[PDB]
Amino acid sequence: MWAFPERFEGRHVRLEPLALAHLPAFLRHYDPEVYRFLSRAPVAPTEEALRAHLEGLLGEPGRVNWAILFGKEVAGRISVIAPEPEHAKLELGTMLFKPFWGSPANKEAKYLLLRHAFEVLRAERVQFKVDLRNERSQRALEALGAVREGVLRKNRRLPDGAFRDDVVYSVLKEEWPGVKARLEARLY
């Protein structure tokens, strides 16, 4: 199994293990737009629905989650999804609360995790998956330098029964130096 740090320290954010103790941050910054392109979105603007969503993140087998701390606030979370050491690959996904969109939080959280994945764990592939309707995130990944591999059509079903398409992107180990450079220029 791969081991990851419980905590990361960046110039703009710090990461710590996501926990139920972080729920208040989720209750303080609820905006449906933040969850609309995520699976198992909170079903209502309530503590119960948000608790269920957070418990879902913490309970997914193999998933490792960190809260992203930006100043005195929890800005969101970043997750290592389905890590597969045997294939030297993993998936990375982030979600930031609305007030922090456009802050350096998302980029530095990714920088910290990508660096550990590629430089320490020697991952060959890190993939990202986003809803075809999530333009904002596709632009963010394009800016990051991730490669758009394609669209998994009707790859997820919502509670109401409608289907969504997933755009798959990836950064390969050979591409990390270039990606790292772009991120450092933008962050530091």
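In this text, residue numbers run from 1 along the sequence as written.
**Q** Comparing 144 to 152 with 35 to 43, which stretch shows the greater average C-alpha B-factor in the deposited entry?
**A** Between 144 to 152 and 35 to 43, it is 35 to 43.
**Q** Out of 77 to 85 and 99 to 107, which one has CA B-factors that are higher on average in the deposited record?
**A** Between 99 to 107 and 77 to 85, it is 99 to 107 that shows the higher mean C-alpha B-factor.
**Q** Highest recorded C-alpha temperature factor, please, choosing from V64, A67, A162, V126.
**A** So the option with the highest C-alpha B-factor is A162.
**Q** Would you please rank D166 by its C-alpha temperature factor against the other modelled residues of its chain and give the third it falls in: lowest, middle or highest?
**A** Tercile = middle for this residue's CA B-factor.
**Q** If you rank every modelled residue in this chain by C-alpha B factor, which third holds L121: lowest, middle or highest?
**A** Bottom third by C-alpha B-factor.
**Q** Based on the deposited C-alpha B factors for this chain, I'd like to know if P17 is in the lowest, middle or highest third.
**A** CA B-factor rank for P17: lowest third.
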